[PDB]
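Asker: query06.cif is reproduced in full below (mmCIF, C-alpha atoms and all ligand atoms).
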```
data_structure
#
loop_
_atom_site.label_atom_id
_atom_site.label_comp_id
_atom_site.auth_asym_id
_atom_site.auth_seq_id
_atom_site.Cartn_x
_atom_site.Cartn_y
_atom_site.Cartn_z
CA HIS A 1 28.66 11.50 49.39
CA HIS A 2 26.74 13.58 51.86
CA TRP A 3 25.78 16.95 50.57
CA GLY A 4 27.56 20.19 51.09
CA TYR A 5 28.95 23.19 49.19
CA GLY A 6 32.10 21.71 47.71
CA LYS A 7 33.05 20.83 44.10
CA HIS A 8 32.11 17.20 44.60
CA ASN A 9 29.09 17.55 46.84
CA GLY A 10 27.74 21.05 46.07
CA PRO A 11 24.54 22.44 44.64
CA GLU A 12 25.08 20.97 41.17
CA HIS A 13 25.12 17.48 42.70
CA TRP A 14 22.13 17.74 45.02
CA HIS A 15 19.60 16.56 42.43
CA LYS A 16 20.98 13.00 42.50
CA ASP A 17 19.84 12.51 46.10
CA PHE A 18 17.04 15.11 46.00
CA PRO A 19 15.41 15.08 42.54
CA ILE A 20 13.11 17.96 43.59
CA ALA A 21 16.21 20.12 43.07
CA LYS A 22 15.04 20.45 39.44
CA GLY A 23 11.41 21.06 40.57
CA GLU A 24 8.87 23.71 39.64
CA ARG A 25 9.21 26.05 42.65
CA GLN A 26 12.85 25.94 43.77
CA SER A 27 14.72 28.62 45.70
CA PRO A 28 16.56 30.93 45.77
CA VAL A 29 15.71 33.05 42.68
CA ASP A 30 16.90 36.27 41.14
CA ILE A 31 14.45 39.07 41.93
CA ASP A 32 14.08 41.16 38.77
CA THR A 33 12.85 44.38 40.34
CA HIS A 34 11.44 45.71 37.04
CA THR A 35 9.36 42.50 36.49
CA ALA A 36 8.07 42.10 40.06
CA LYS A 37 4.50 43.33 40.20
CA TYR A 38 3.21 45.55 42.98
CA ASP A 39 0.23 43.72 44.61
CA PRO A 40 -2.08 46.25 46.34
CA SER A 41 -3.95 43.25 47.82
CA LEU A 42 -1.03 42.19 50.00
CA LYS A 43 -2.04 42.80 53.64
CA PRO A 44 0.45 44.64 55.94
CA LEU A 45 3.07 42.28 57.38
CA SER A 46 3.10 41.60 61.12
CA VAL A 47 6.35 40.62 62.82
CA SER A 48 5.58 40.05 66.52
CA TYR A 49 8.88 39.18 68.22
CA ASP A 50 8.44 40.84 71.67
CA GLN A 51 8.00 37.50 73.53
CA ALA A 52 10.59 35.55 71.57
CA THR A 53 12.54 33.03 73.74
CA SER A 54 15.85 32.02 72.23
CA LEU A 55 17.31 28.74 73.44
CA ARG A 56 20.57 27.75 71.84
CA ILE A 57 23.07 28.53 69.13
CA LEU A 58 24.33 25.60 67.04
CA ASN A 59 26.89 24.84 64.29
CA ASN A 60 25.09 22.21 62.16
CA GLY A 61 27.91 21.76 59.64
CA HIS A 62 26.09 23.84 56.94
CA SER A 63 25.43 27.13 58.82
CA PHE A 64 24.96 28.28 62.41
CA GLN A 65 21.46 28.68 63.81
CA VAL A 66 19.82 30.29 66.79
CA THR A 67 16.85 28.22 67.96
CA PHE A 68 13.72 29.45 69.74
CA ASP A 69 10.99 27.94 71.87
CA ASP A 70 8.17 27.31 69.37
CA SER A 71 5.89 25.31 71.70
CA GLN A 72 3.58 28.36 72.06
CA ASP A 73 2.69 31.49 70.00
CA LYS A 74 5.54 33.70 71.40
CA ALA A 75 7.31 35.02 68.30
CA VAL A 76 5.07 34.90 65.22
CA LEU A 77 4.85 36.17 61.65
CA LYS A 78 1.44 36.96 60.14
CA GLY A 79 -0.07 39.14 57.44
CA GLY A 80 1.57 39.94 54.14
CA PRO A 81 0.84 37.09 51.74
CA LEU A 82 0.24 34.67 54.64
CA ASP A 83 -3.00 33.10 55.83
CA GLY A 84 -2.79 32.19 59.49
CA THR A 85 -0.03 32.28 62.07
CA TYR A 86 3.58 31.20 61.61
CA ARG A 87 5.81 30.55 64.65
CA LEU A 88 9.50 31.45 64.70
CA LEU A 89 11.64 28.32 65.04
CA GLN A 90 15.13 29.49 64.23
CA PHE A 91 17.31 31.85 62.28
CA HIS A 92 20.54 31.24 60.44
CA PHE A 93 22.73 32.82 57.78
CA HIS A 94 24.31 32.10 54.41
CA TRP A 95 27.50 34.01 53.55
CA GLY A 96 30.48 34.25 51.25
CA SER A 97 34.24 34.03 51.23
CA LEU A 98 34.33 37.64 49.97
CA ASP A 99 31.95 40.56 50.42
CA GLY A 100 30.66 40.39 46.83
CA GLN A 101 28.97 37.02 47.24
CA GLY A 102 27.12 35.08 49.93
CA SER A 103 23.44 35.78 49.48
CA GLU A 104 21.08 33.19 48.04
CA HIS A 105 18.51 35.51 46.53
CA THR A 106 19.88 38.18 44.25
CA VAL A 107 18.35 41.51 43.24
CA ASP A 108 18.81 42.37 39.58
CA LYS A 109 21.63 39.78 39.65
CA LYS A 110 23.36 41.66 42.59
CA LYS A 111 24.72 39.36 45.30
CA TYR A 112 24.97 40.59 48.87
CA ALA A 113 27.64 39.55 51.41
CA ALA A 114 25.18 37.38 53.33
CA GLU A 115 21.53 36.55 53.82
CA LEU A 116 19.61 35.99 57.11
CA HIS A 117 16.72 33.54 57.12
CA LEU A 118 14.14 33.71 59.95
CA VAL A 119 12.31 30.41 59.65
CA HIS A 120 8.64 30.18 60.70
CA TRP A 121 6.13 27.31 60.43
CA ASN A 122 2.36 27.36 59.95
CA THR A 123 0.67 26.45 63.24
CA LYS A 124 -2.23 24.81 61.48
CA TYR A 125 0.09 21.87 60.80
CA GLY A 126 1.05 21.36 64.44
CA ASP A 127 4.78 20.67 64.04
CA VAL A 128 7.57 21.71 61.62
CA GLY A 129 7.97 18.17 60.23
CA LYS A 130 4.35 18.08 59.10
CA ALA A 131 4.62 21.69 57.85
CA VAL A 132 7.51 20.86 55.57
CA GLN A 133 5.20 18.43 53.74
CA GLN A 134 2.74 21.23 52.85
CA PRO A 135 2.93 23.83 50.10
CA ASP A 136 2.24 26.61 52.61
CA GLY A 137 4.01 25.02 55.53
CA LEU A 138 6.84 27.55 56.14
CA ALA A 139 7.31 31.28 55.89
CA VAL A 140 10.91 32.44 55.66
CA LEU A 141 11.82 36.10 56.15
CA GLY A 142 14.95 36.78 54.11
CA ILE A 143 17.14 39.78 54.94
CA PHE A 144 20.21 40.82 52.97
CA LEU A 145 23.43 41.86 54.68
CA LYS A 146 25.84 44.39 53.18
CA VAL A 147 29.19 45.35 54.64
CA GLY A 148 29.51 48.86 56.05
CA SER A 149 28.55 50.03 59.52
CA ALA A 150 28.18 47.46 62.32
CA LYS A 151 24.82 46.01 63.31
CA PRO A 152 24.80 46.36 67.13
CA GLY A 153 22.01 43.80 67.45
CA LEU A 154 24.18 41.17 65.71
CA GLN A 155 27.17 41.51 68.06
CA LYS A 156 25.95 39.09 70.75
CA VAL A 157 25.74 36.41 68.02
CA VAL A 158 29.20 37.09 66.56
CA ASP A 159 30.80 37.10 70.00
CA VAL A 160 29.78 33.50 70.78
CA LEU A 161 30.80 32.02 67.41
CA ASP A 162 34.26 31.08 68.86
CA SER A 163 32.43 28.62 71.10
CA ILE A 164 30.68 26.78 68.20
CA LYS A 165 33.53 26.69 65.73
CA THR A 166 33.02 23.15 64.43
CA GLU A 167 30.15 20.96 63.36
CA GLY A 168 28.03 19.66 66.24
CA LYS A 169 28.95 22.31 68.79
CA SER A 170 26.22 24.19 70.56
CA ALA A 171 25.90 26.73 73.37
CA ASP A 172 23.22 28.29 75.55
CA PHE A 173 21.89 31.42 73.81
CA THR A 174 19.09 32.84 75.92
CA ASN A 175 17.47 36.27 75.93
CA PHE A 176 18.50 37.15 72.36
CA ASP A 177 16.11 39.63 70.75
CA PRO A 178 15.82 39.05 66.98
CA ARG A 179 14.17 42.45 66.56
CA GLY A 180 17.72 43.82 66.60
CA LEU A 181 18.34 42.10 63.22
CA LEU A 182 15.52 43.83 61.29
CA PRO A 183 15.93 46.83 58.97
CA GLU A 184 13.71 49.90 59.32
CA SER A 185 11.40 49.11 56.42
CA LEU A 186 9.34 45.94 56.05
CA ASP A 187 8.80 46.48 52.28
CA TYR A 188 9.19 43.05 50.66
CA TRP A 189 9.00 40.79 47.66
CA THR A 190 7.22 37.47 47.95
CA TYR A 191 6.99 34.27 45.92
CA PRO A 192 6.34 30.51 46.50
CA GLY A 193 9.53 28.50 46.76
CA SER A 194 11.50 25.91 48.62
CA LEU A 195 14.13 25.15 51.19
CA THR A 196 17.55 26.13 49.85
CA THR A 197 19.30 23.12 51.45
CA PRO A 198 18.42 19.43 51.10
CA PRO A 199 15.79 18.13 51.20
CA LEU A 200 14.79 21.19 49.08
CA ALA A 201 11.11 20.70 50.00
CA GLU A 202 8.71 22.97 48.16
CA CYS A 203 6.99 24.23 51.27
CA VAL A 204 8.10 27.87 51.68
CA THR A 205 6.38 31.20 51.18
CA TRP A 206 9.41 33.44 50.78
CA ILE A 207 9.23 37.02 52.05
CA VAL A 208 12.42 38.85 51.09
CA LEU A 209 12.92 42.35 52.51
CA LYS A 210 14.00 45.09 50.11
CA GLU A 211 16.14 46.98 52.66
CA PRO A 212 19.40 45.25 53.60
CA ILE A 213 20.94 45.53 57.02
CA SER A 214 24.53 46.74 57.28
CA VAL A 215 27.05 44.71 59.26
CA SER A 216 30.71 45.49 59.71
CA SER A 217 33.66 43.82 58.07
CA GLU A 218 34.71 42.53 61.49
CA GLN A 219 31.25 40.97 62.05
CA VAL A 220 31.21 39.04 58.72
CA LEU A 221 34.92 37.99 59.19
CA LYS A 222 33.82 36.19 62.34
CA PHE A 223 31.25 34.20 60.31
CA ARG A 224 34.08 33.11 58.00
CA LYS A 225 36.10 31.64 60.91
CA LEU A 226 33.53 28.88 61.46
CA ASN A 227 34.26 25.40 60.13
CA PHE A 228 32.19 22.97 58.11
CA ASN A 229 34.24 20.13 59.61
CA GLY A 230 33.93 18.61 63.07
CA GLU A 231 36.66 18.98 65.76
CA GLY A 232 39.71 16.93 64.53
CA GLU A 233 39.06 16.79 60.75
CA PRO A 234 40.90 18.76 58.05
CA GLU A 235 39.88 22.40 58.62
CA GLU A 236 37.59 23.68 55.88
CA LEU A 237 36.31 27.18 56.47
CA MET A 238 32.49 27.57 56.53
CA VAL A 239 32.26 30.03 53.64
CA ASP A 240 30.13 30.09 50.50
CA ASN A 241 27.29 28.10 52.03
CA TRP A 242 24.80 29.53 49.56
CA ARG A 243 22.78 27.91 46.76
CA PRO A 244 22.74 29.96 43.52
CA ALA A 245 19.59 31.32 41.91
CA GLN A 246 17.30 28.72 40.35
CA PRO A 247 14.91 29.00 37.38
CA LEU A 248 11.83 31.08 38.13
CA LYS A 249 9.66 28.77 35.93
CA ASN A 250 5.93 29.48 36.21
CA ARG A 251 6.11 31.98 39.06
CA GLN A 252 5.54 35.71 39.54
CA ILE A 253 7.30 37.66 42.24
CA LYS A 254 5.00 40.16 43.92
CA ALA A 255 6.11 43.40 45.58
CA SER A 256 4.43 44.95 48.69
CA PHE A 257 5.52 48.42 47.55
CA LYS A 258 5.49 50.63 44.44
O1 LIG B 1 16.17 26.38 53.26
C1 LIG B 1 16.49 27.40 53.88
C2 LIG B 1 15.48 28.24 54.62
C3 LIG B 1 14.46 27.42 55.35
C4 LIG B 1 15.07 26.37 56.27
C5 LIG B 1 14.07 25.44 56.92
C6 LIG B 1 14.61 24.71 58.13
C7 LIG B 1 13.54 24.28 59.10
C8 LIG B 1 14.08 23.59 60.33
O2 LIG B 1 14.93 24.10 61.05
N1 LIG B 1 13.54 22.38 60.58
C9 LIG B 1 13.25 21.33 59.68
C10 LIG B 1 13.78 21.27 58.40
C11 LIG B 1 13.46 20.22 57.56
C12 LIG B 1 12.63 19.21 58.00
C13 LIG B 1 12.11 19.26 59.27
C14 LIG B 1 12.42 20.31 60.11
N2 LIG B 1 17.73 27.82 53.95
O3 LIG B 1 18.77 27.02 53.48
ZN ZN B 2 18.63 29.46 54.80
#
```
If you convert what's in this file into structure tokens, what do you get?
Answerer:
Amino acid sequence: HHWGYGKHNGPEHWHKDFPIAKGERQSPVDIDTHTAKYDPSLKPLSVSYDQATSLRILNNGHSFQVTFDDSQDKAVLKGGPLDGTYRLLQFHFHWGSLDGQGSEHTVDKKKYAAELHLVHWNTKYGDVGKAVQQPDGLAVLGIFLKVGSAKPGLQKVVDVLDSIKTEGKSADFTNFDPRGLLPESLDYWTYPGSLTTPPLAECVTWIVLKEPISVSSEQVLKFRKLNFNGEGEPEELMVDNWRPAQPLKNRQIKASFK
């Protein structure tokens, strides 16, 4: 029926509605660290989040997202492999039912407990809907989460999840600073790929940071209390909302570091 992460509607079914699922630049991928090539040409990345304006937090039935005002150049990503300016629209997470799975990208086949995606769109296309129709329309910053010490900058998110438990719920989420989600190092791998949910459009320059952030067990347990269902339907925990690694095909993953 409609897509999701279950046995009957999960990633192995998506190609019937979205044939690009078997396309030439699908995401996520396994990052083989010994095959990625250091690219001395890659320009230094620029994450400019000081004027970011968060708006709302939303359970969309597949993840939860924090949305930003992207009607002006307030929070932008530039540099790295990117040409031009990419505006932050929203961030969301993918996570597991257990700490050994949950990420979408893997590193030498290792799965992390979760993966944060900070979604940005190329301002030369004017709006996100036009950007998703372009091969360089989006830039997604991917950040792995491992379980250990708490991430203080994540706590304001986790504390409001009770208020968006089920699909369709949203809440006001102003003055949230996404800089509190970033690791120390901006070393990264990059490759051309796609959205990891339907419609799987092949419009993303992926920038995946090498350094994970640590979150606590209590923080990730609160992610796993969300529901895929809407208020009143059989309760199905929102866990394992990740797509597995797809074939690399004719792509090379580049590293910003030696
Ligand atoms: O695919 C991903 C990462 C990138 C997600 C892109 C979502 C962009 C968004 O919020 N707006 C949008 C999406 C599709 C079509 C039009 C707008 N994770 O699953
Ligand atoms: Zn995502």
Asker: State, in Å with one decimal place, the distance from atom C9 of ligand LIG 1 (chain B) to CA of residue 66 in chain A.
Answerer: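 About the pair atom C9 of ligand LIG 1 (chain B) and CA of residue 66 in chain A: they are 13.2 Å apart.
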Asker: With all atoms listed in the file counted and 10 Å as the cut-off, give the residues of chain A in contact with ligand ZN 2 (chain B), each with its shortest interatomic distance in Å and the pair that gives it, as CSV.
Answerer:
```
residue,atom,partner,partner_atom,distance
A:27,CA,B:ZN2,ZN,9.9
A:28,CA,B:ZN2,ZN,9.4
A:62,CA,B:ZN2,ZN,9.6
A:63,CA,B:ZN2,ZN,8.2
A:64,CA,B:ZN2,ZN,10.0
A:65,CA,B:ZN2,ZN,9.5
A:91,CA,B:ZN2,ZN,8.0
A:92,CA,B:ZN2,ZN,6.2
A:93,CA,B:ZN2,ZN,6.1
A:94,CA,B:ZN2,ZN,6.3
A:103,CA,B:ZN2,ZN,9.6
A:104,CA,B:ZN2,ZN,8.1
A:115,CA,B:ZN2,ZN,7.7
A:116,CA,B:ZN2,ZN,7.0
A:117,CA,B:ZN2,ZN,5.1
A:118,CA,B:ZN2,ZN,8.0
A:119,CA,B:ZN2,ZN,8.0
A:140,CA,B:ZN2,ZN,8.3
A:141,CA,B:ZN2,ZN,9.6
A:142,CA,B:ZN2,ZN,8.2
A:195,CA,B:ZN2,ZN,7.2
A:196,CA,B:ZN2,ZN,6.1
A:197,CA,B:ZN2,ZN,7.2
A:241,CA,B:ZN2,ZN,9.2
A:242,CA,B:ZN2,ZN,8.1
A:243,CA,B:ZN2,ZN,9.2
```
Asker: Let me make sure I understand: among A:168, A:232, A:23, A:135, which one has the smallest atom-to-atom distance to residue 206 in chain A if we use all atoms listed in the file?
Answerer: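 Ranking A:168, A:232, A:23, A:135 by distance to residue 206 in chain A, first place goes to A:135.
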Asker: Can you list, as a list in words, every protein, DNA or RNA residue that comes within 10 Å of residue 17 in chain A when you count all atoms listed in the file, leaving out same-chain residues fewer than 2 positions away?
Answerer: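 Using all atoms listed in the file, the neighbours found are residues 1, 2, 3, 13, 14, 15, 19, 20, 21, 198 and 199 of chain A.
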Asker: State, in Å with one decimal place, the distance from CA of residue 201 in chain A to CA of residue 144 in chain A.
Answerer: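 Computing the Euclidean distance for CA of residue 201 in chain A and CA of residue 144 in chain A yields 22.3 Å.
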Asker: Restricting the calculation to all atoms listed in the file: of A:107, A:57, A:182, A:47, which residue gets closest to residue 139 in chain A?
Answerer: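 Looking at the shortest contact to residue 139 in chain A, the residue is A:47.
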Asker: Have a look at A:160, A:98, A:88, A:154 and name the one nearest to residue 127 in chain A; count all atoms listed in the file.
Answerer: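 Distance minimum relative to residue 127 in chain A lands on A:88.
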Asker: Identify which of the residues A:203, A:238, A:52, A:58 lies closest to residue 163 in chain A, counting only C-alpha atoms when measuring atom-to-atom distances.
Answerer: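 Of A:203, A:238, A:52, A:58, the one nearest residue 163 in chain A is A:58, counting only C-alpha atoms.
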Asker: Rank A:210, A:78, A:25, A:56 by their smallest atom-to-atom distance to residue 169 in chain A, using all atoms listed in the file, and report the top residue only.
Answerer: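 Ranked by minimum distance to residue 169 in chain A, first place goes to A:56.
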Asker: Need the shell around residue 213 in chain A: protein/DNA/RNA residues with any atom at most 10 Å away, counting all atoms listed in the file. Skip same-chain ones fewer than 6 positions apart. Format as a PyMOL selection string?
Answerer: chain A and resi 114-116+143-151+181-184
Asker: Using the file's own x, y and z axes, so that the box edges lie along x, y and z, what centre and edge lengths in Å (one decimal) does a box around every listed atom of ligand LIG 1 (chain B) get when 5 Å is added on each side? Give it as lines of an AutoDock Vina configuration file.
Answerer:
```
center_x = 15.4
center_y = 23.7
center_z = 57.2
size_x = 16.7
size_y = 19.0
size_z = 17.8
```
Asker: Between A:11, A:247, A:40, A:81, which residue has the minimum interatomic distance to ligand LIG 1 (chain B), considering all atoms listed in the file?
Answerer: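 Answer, going by the shortest atom-to-atom distance: A:11.
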Asker: Would you mind reading off the distance between CA of residue 76 in chain A and CA of residue 120 in chain A, one decimal, in Å?
Answerer: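 That distance, rounded to one decimal, is 7.4 Å.
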Asker: Would you list the contacts of residue 191 in chain A as a ChimeraX atom specification, taking every protein, DNA or RNA residue within 10 Å and counting all atoms listed in the file, but skipping same-chain residues closer than 5 positions in sequence?
Answerer: /A:25,27,29,31,36,81,204-208,248,251-255
